[PDB]
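Chains as they are written, first to last, in the working numbering: chain D, 307 to 522; chain C, 307 to 522; chain G, 307 to 522; chain S, 307 to 522.
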């Protein structure tokens, strides 16, 4: 059911520091090659009063390239699909939780996302839009409790230089339990590739590949 | 606009570990005396597969009794009202964020809540319904960033004895900035007073009072 | 063995951000009334390049006043005494762990403290000495694992206004399994009463009293 | 001053849950190749009542293989050397801080370590010795505040299967402001190669190599 080329549609309902918004979009990519694009539009609550970059990683890990010897739990979960959840802990006290449902309808992935971000300092890089994209990252994954979990030390680049640090903790939950990998890593790199003036229309690109630790 | 007796209406859209639900209810109380009751009904996604106790403190701090010399920021915010946000950090890794809007319509408060809880162990006290209500608590509050913030070390009692610890961090944001207190404390005690077999209909009572530290 | 008036002697070996130091001092007070003073001298590594305030709460909870109906675990532990350990998590990323032994000799309490503080920003209030004492505080305690634990949301006042937040987690370990209390609170207020220009000689006063929650 | 082959001597004073101990040892390796071994002996406080694995990463990052295009801050710091500090945050609440000095004396590296670990559950994998070595890991490093910092999501393998998770935060402080790298990664794999029955004599091996993210 997962072809070499697949599209997706996504909808997000979110809030940051009490400001509510809705975003709709679509994307496409090559799930076995680990590459994809997305185009998002803020449909309610725009223009947003905070950094787009905190939203970018919430709009698709069925596209991660996996070697044959590492079980691809997220691809295996289809056609029914999987849910994923996440905590982002920002170094200045911002905290976000996210809950997401991934399904497949007549050959198109369907993503539904809910996002609540709180406790961002009003003068911090998020509310003041001082970020300039993510560094590429490396997630550490392992099985636990019959599901797949992963954590990442991520970083946003700052306009005036240096980094704004964010820890991700994610949980990927197949709708019916499928085969799990062991301890492994996923390398990712997400880019904002174009946008209008107020970031109410934004395009993204992501490359991601799973692997064993290099020393194994 | 805040009378000695006030009613409220509340609704919540929530999810815990990928399980979505909706709750609607109403309450009433004596905002200057610090006492109130609520009755909640699960309207979608019942019966809930997790402990009711994690939801109870999300259904009303306009009812806290304040001495004359501590500015009552939340009461002062009416008639327009205020928003509040919260992180709950559970000791076994569960994390919740909550975002809430409090308004006033023809003499009745109107509460709207969104809640996302993630990363609860499947065999832990929340998913296994092993909790038996909250200990009474004491929140430490202070002004910051033009708004009011507070934190609490809270604890759920466990059926088999002992406590399941949870840290609250809350942010109270008037819709138009009003006068702030300094550093102070709020003592609270929330009780589940009645419930049906599967906790799809639940009643609660809360008492809350603000004060200076006892040594001042 | 614990008289209405007791003296103590204290020695600390510590480090902060790689700067090593040693402090010796003495104190006295009324263990059943919850009041005590201390006088400390930096004996090696002075003058300290960081705020004295992070050290002040490491130089004596046998002096807390307890009502008859709450077991006074720390007093019961004598003559043999008890150990205590602590984590302080500062809001800007500084972290300290502390380990302490409390015993009795020559009718005097004897305190031995080791302290490691790391990850303080070089331009932060600790390394730049921008603090001016603690707010009074309220610790939440409970028994666990056959020992007594407590947590506190504390705050340092900033010289030019505002607060710098610090979470304390403490563990109190009697040398024999003397009786434990239940869930309860300790109110404390620590004051720096005098000091020389470079904080190489400092005097402190503390008041502390245990109690049930006020609504009980 | 750093030759193709270099020896080191190490001494550690530490404590875990109030149990004090001292360890001394020696090591050797190839700093430009990223390989080294160590042999440690517990000299006071043995046998240790907790898992050796929490100490193993405190006994040498001057032996990290760096490509020519990534400044090797730790090697550049010699002959004077560098200090490093660390927080380990364990998933069950254990917390350790570490402070270390690295110098060079008569052509040998000299390491001095102090370690304070607190808040480990008495029935947890550390106090019950249920661990069986670390997974290989990947540290995310970046410059900040004129020093080099890094974080790692690490895991101890449990004897009867599964993982016990630990987050490392480290700070590396050269004694003079030698050149810093940018954002980069270090892959490491540490092995216990042999030990006696009570872990009072232990031998270790480590491989470590720095690199850019693989997608760069």
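All C-beta atoms, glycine included, are put in the ideal place defined by N, C-alpha and C.
Give the residues of chain S in contact with residue i, contact being defined as C-beta atoms less than 8 angstroms apart.
{"i": "residue 493 of chain D", "result": "519, 520, 521"}
{"i": "residue 402 of chain G", "result": "403"}
Quick one: list the residues of chain G neighbouring residue i, beta-carbon separation under 7 angstroms, in chain order.
{"i": "residue 442 of chain C", "result": "519, 521, 522"}
Run through chain D and tell me which residues come within less than 9 angstroms of residue i, C-beta to C-beta.
{"i": "residue 419 of chain C", "result": "Chain D residues near residue 419 of chain C: none, gap ~11 angstroms exceeds 9 angstroms."}
Nearest-angstrom Cα distance between residue i and residue j?
{"i": "residue 471 of chain S", "j": "residue 461 of chain C", "result": "24 angstroms"}
{"i": "residue 525 of chain G", "j": "residue 363 of chain S", "result": "Because residue 525 of chain G is not part of the residues shown, which for chain G are 307 to 522, the question remains open."}
{"i": "residue 477 of chain C", "j": "residue 421 of chain D", "result": "17 angstroms"}
{"i": "residue 490 of chain G", "j": "residue 482 of chain G", "result": "21 angstroms"}
{"i": "residue 520 of chain C", "j": "residue 442 of chain G", "result": "9 angstroms"}
{"i": "residue 468 of chain S", "j": "residue 449 of chain C", "result": "44 angstroms"}
{"i": "residue 419 of chain S", "j": "residue 365 of chain S", "result": "8 angstroms"}
{"i": "residue 423 of chain C", "j": "residue 360 of chain D", "result": "19 angstroms"}
{"i": "residue 352 of chain C", "j": "residue 506 of chain C", "result": "6 angstroms"}
{"i": "residue 393 of chain C", "j": "residue 446 of chain C", "result": "15 angstroms"}
{"i": "residue 440 of chain C", "j": "residue 373 of chain C", "result": "25 angstroms"}
{"i": "residue 494 of chain C", "j": "residue 370 of chain C", "result": "9 angstroms"}
{"i": "residue 513 of chain C", "j": "residue 315 of chain C", "result": "18 angstroms"}
{"i": "residue 426 of chain D", "j": "residue 410 of chain C", "result": "26 angstroms"}
{"i": "residue 343 of chain C", "j": "residue 335 of chain C", "result": "6 angstroms"}
{"i": "residue 473 of chain D", "j": "residue 395 of chain D", "result": "5 angstroms"}
{"i": "residue 429 of chain G", "j": "residue 377 of chain D", "result": "47 angstroms"}
{"i": "residue 403 of chain D", "j": "residue 319 of chain S", "result": "41 angstroms"}
{"i": "residue 522 of chain G", "j": "residue 379 of chain G", "result": "21 angstroms"}
{"i": "residue 466 of chain D", "j": "residue 333 of chain G", "result": "50 angstroms"}
{"i": "residue 437 of chain G", "j": "residue 464 of chain G", "result": "5 angstroms"}
{"i": "residue 408 of chain C", "j": "residue 485 of chain C", "result": "18 angstroms"}
{"i": "residue 508 of chain G", "j": "residue 401 of chain S", "result": "30 angstroms"}
{"i": "residue 405 of chain C", "j": "residue 317 of chain C", "result": "12 angstroms"}
{"i": "residue 488 of chain D", "j": "residue 498 of chain S", "result": "21 angstroms"}
Just to confirm the assignment, what range does the beta strand (DSSP E) spanning residue i have?
{"i": "residue 338 of chain D", "result": "Taken as a continuous stretch (DSSP letters only), residue 338 of chain D belongs to no beta strand (DSSP E), as it is neither H nor E."}
{"i": "residue 470 of chain G", "result": "469 to 480"}
{"i": "residue 463 of chain D", "result": "453 to 464"}
{"i": "residue 507 of chain C", "result": "507 to 517"}
{"i": "residue 319 of chain D", "result": "312 to 322"}
{"i": "residue 421 of chain C", "result": "414 to 424"}
{"i": "residue 449 of chain G", "result": "443 to 450"}
{"i": "residue 439 of chain S", "result": "437 to 440"}
I want to verify the contact list: residues of chain S whose CB lies under 7 angstroms from the CB of residue i, in sequence order.
{"i": "residue 427 of chain G", "result": "451"}
{"i": "residue 308 of chain G", "result": "Going along chain S, no residue has its Cβ under 7 angstroms from residue 308 of chain G, so there is no contact; the nearest lies around 22 angstroms."}
What are the boundary residues of the alpha helix (DSSP H) that residue i is part of?
{"i": "residue 410 of chain D", "result": "Element bounds for residue 410 of chain D: not the alpha helix (DSSP H) but the beta strand (DSSP E), 401 to 411."}
{"i": "residue 489 of chain G", "result": "Where residue 489 of chain G is concerned, there is no enclosing alpha helix (DSSP H), given that its DSSP letter is neither H nor E."}
{"i": "residue 389 of chain D", "result": "Per DSSP, residue 389 of chain D belongs to no alpha helix (DSSP H); it is in the beta strand (DSSP E), 388 to 396."}
{"i": "residue 379 of chain S", "result": "379 to 382"}
Which residues of chain C have a Cβ atom closer than 7 angstroms to the Cβ of residue i, listed in chain order?
{"i": "residue 432 of chain D", "result": "Near residue 432 of chain D there are no residues of chain C at all, since even the closest Cβ is about 13 angstroms away, more than 7 angstroms."}
{"i": "residue 416 of chain D", "result": "Correct list: empty, because the minimum Cβ distance to chain C is about 16 angstroms."}
Residue i touches chain C at which residues, Cβ-Cβ below 8 angstroms?
{"i": "residue 317 of chain G", "result": "Per Cβ cutoff of 8 angstroms: no residues; residue 317 of chain G is ~29 angstroms from chain C at best."}
So, does the CB of residue i fall closer than 9 angstroms to a CB anywhere in chain A?
{"i": "residue 446 of chain G", "result": "Note that chain A does not occur in the displayed structure, where the protein chains are D, C, G and S."}
| field | Residues, ordered as in the chain, of the stretch 366 to 392 of chain D that lie near chain C by beta-carbon distance below 9 angstroms | value | For the stretch 366 to 392 of chain D, the residues whose beta carbon sits under 9 angstroms from a beta carbon of chain C are, in order, 389, 390, 391, 392.
| said: If the cut-off is 9 angstroms on Cβ atoms, which residues from the stretch 456 to 475 of chain S count as contacting chain G, listed in chain order? | reply: Residues are counted here when their Cβ sits less than 9 angstroms from a Cβ of chain G; for the stretch 456 to 475 of chain S these are 475, given in chain order.
| request: Closer than 8 angstroms, Cβ to Cβ, to anything on chain G: give me those residues from the stretch 349 to 368 of chain S, in chain order. | output: Shown here is that no member of the stretch 349 to 368 of chain S has a Cβ falling below 8 angstroms from a Cβ of chain G.
| query | Between the stretch 498 to 519 of chain G and chain C, which residues of the former have CB atoms less than 7 angstroms from a CB of the latter, in chain order? | reply | Across the stretch 498 to 519 of chain G, CB contacts with chain C closer than 7 angstroms involve 513, 519, in sequence order along the chain.
| task | Taking 8 angstroms as the threshold, find out whether the stretch 443 to 462 of chain D comes into contact with the stretch 329 to 348 of chain D through three or more Cβ pairs. | result | Too few Cβ pairs lie closer than 8 angstroms, so no.
| Closer than 7 angstroms, Cβ to any Cβ of chain D: which residues of the stretch 321 to 337 of chain S, in chain order? | Residues passing the 7 angstroms Cβ filter: none.
| field | Residues within the stretch 477 to 490 of chain S neighbouring chain D, beta-carbon criterion of under 9 angstroms | value | Cβ contacts with chain D: 489.
| said: Using 8 angstroms as the cut-off, can you tell me whether the stretch 425 to 433 of chain D makes contact with the stretch 310 to 328 of chain D, which would need three or more C-beta pairs spanning the two stretches below that distance? | reply: Three or more Cβ pairs drawn from the stretch 425 to 433 of chain D and the stretch 310 to 328 of chain D lie within less than 8 angstroms of each other, which places the two stretches in contact.
| request: Determine, using beta-carbon pairs with one atom in the stretch 352 to 360 of chain G and one in the stretch 333 to 343 of chain G, whether at least three such pairs fall under 8 angstroms. | output: They do not touch, by the three-pair rule.
| request: State whether the stretch 379 to 396 of chain C contacts the stretch 307 to 314 of chain G, with contact taken as three or more CB pairs (one from each stretch) at a distance under 8 angstroms. | output: No: the two stretches stay apart, fewer than three of their Cβ pairs being nearer than 8 angstroms.
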